Structure formats: structure tokens, C-alpha cells
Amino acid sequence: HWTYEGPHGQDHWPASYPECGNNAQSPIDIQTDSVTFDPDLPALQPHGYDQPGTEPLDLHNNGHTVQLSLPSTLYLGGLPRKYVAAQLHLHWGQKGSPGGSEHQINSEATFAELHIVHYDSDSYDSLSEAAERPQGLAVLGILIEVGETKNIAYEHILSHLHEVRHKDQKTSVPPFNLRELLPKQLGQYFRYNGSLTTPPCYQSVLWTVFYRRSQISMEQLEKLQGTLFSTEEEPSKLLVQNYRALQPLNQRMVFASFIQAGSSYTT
């Protein structure tokens, strides 16, 4: 039903999903001259990422993004609660246009963004249940830019897009090292309270956005931008610009797990 553009586009999400119009939404523009360094933010400690089970992982084109199912055996050890992995998916723009990421750092967007979604298994039994609760979810946001070389880790996913071009189609992806989808310096990240970036826009996400960006080749980007369709059949329409517009910070604080010389903030 909902879409990014059109009568049911994001500008009209609040009309159907009340929370999309609330004031602690995501994504946001993280301006470093306004973040607060928190020396107590722990290392994320992703567990099981190197080997996501031994069974094939499901890759699904749900019409809004391409989604990879993840086993609950994977989890993050550096958060207030034990957050177990549920899935990961992507957001991108379109060939010939700028942007594509959801979050921005110092008002700069990149070409795409990877989201690895987890939920509090200590308190809840399912992603869906946790999705409606305060800090019920923990999502990792990795901004993606273009580099000179092909990124093998991302290729493990991108090499399968041609198998799920139509909405609702699915395929299998052999387990691979998910840690390689993450950028360098995992110890440098931003943390803030936000929401799902798609309807129902529940304000249940404890967000972690990495400071460093991951890089894929220009060829990999063009493939991510124009392989999948948002339609189930002909006529076909390419799935593009599936990223939400920036939402007001609305006086929330954004914390940084690091600080360096020349940082726009102090200790």
C-alpha cells in the first residue's frame, strides 16, 4: 500500500501512520559540531557475523527493498540489552541522481545505506513484537559510497539481485562473512534514539550509525540502482530512491563513541 512517492508517498505517511508524524523519527542529519562524546559507549561486539549459520539465507525483494534474513544466533554484545539479528536490507537512490543513503553526516548523503536489524531477545520473542516497543530494536546503519574496487562482501548479495527482480520473488544466498559489510573502525560510531524509517515509523529503534563508510564499485552501484522492480509483473517499474527524507532532530542528543583532534565537539 504505502510507497515512497505518490498519493501514498512519504509526504503522506502521517495521514495513514500517525507515528510517521511524531517528533523522534529517523533518519537524521548527524552534525558533528553538535554531537556529544560518551566515553562509556562500549565496543559493539558483533557475534556470529563471520559465520551466519550453515544454511542458505533467504533473499527477498519485498517491493520496497531487497532483504536478507539472518539467524538469531547472531547478536550484538555491546548494547544495554542482548539484540539478536533478524534481517538486513538496503536503501539507494537512482542512476544519474545524487544521494541514496537515509542518514547524512554533516549534511552529506552517500549513494546507499545498509541496515542490519536486531531486536531485544531478552525482553521480546519476535522482531514484530519488539518493533512496537521503546528501544525494542537496534539497527546498524552503514553509509555506502563508491570506491575504485569491487567489494566482495557486498557482491555476495548483489550477485543475486537478478534472481529477485520482481516484487515478492525470493532466492538463496550462501552464508558469508557479514563483518566485511561493515566499514573500518567499528569503534567510531554515533548513537541516538530514533524510529523505523518506513511505515509504521514506530519510535522503537536505538540507532547506531558508523562514522566511516563502506565502499562498493561504481559498477556495483549501478547494479544496485537498477536491477530490482517495485512491481510484481509487467509493466515493470524499477525500484529506485527507496530512502526516507531527513527528519528534524527535534532537540534529541546524538552521542559519539569517539573523539579526535580537531573534532567539532570536546570532552
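We number the residues from 1 along the sequence you see.
In this entry, the higher average B-factor at the C-alpha atoms falls on 76-84, of the pair 76-84 and 108-116.
For the two regions 146-154 and 190-198, the entry's Cα B-factors average higher over 146-154. You'll see in the entry that, of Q185, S101, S159, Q169, the Cα B factor peaks at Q169.
Residues shown: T32, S214, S26, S217. Highest C-alpha temperature factor in the entry: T32.
Sort the modelled residues of the chain by CA B factor and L44 lands in the highest third.
Annotation for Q203: CA B-factor lies in the lowest third of the chain's modelled residues. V209: CA B factor lies in the lowest third for its chain, per the PDB record.
In the PDB entry, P175 places in the highest third of its chain by CA B-factor.
When all modelled residues of the chain are sorted by CA temperature factor, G96 is found within the middle third.
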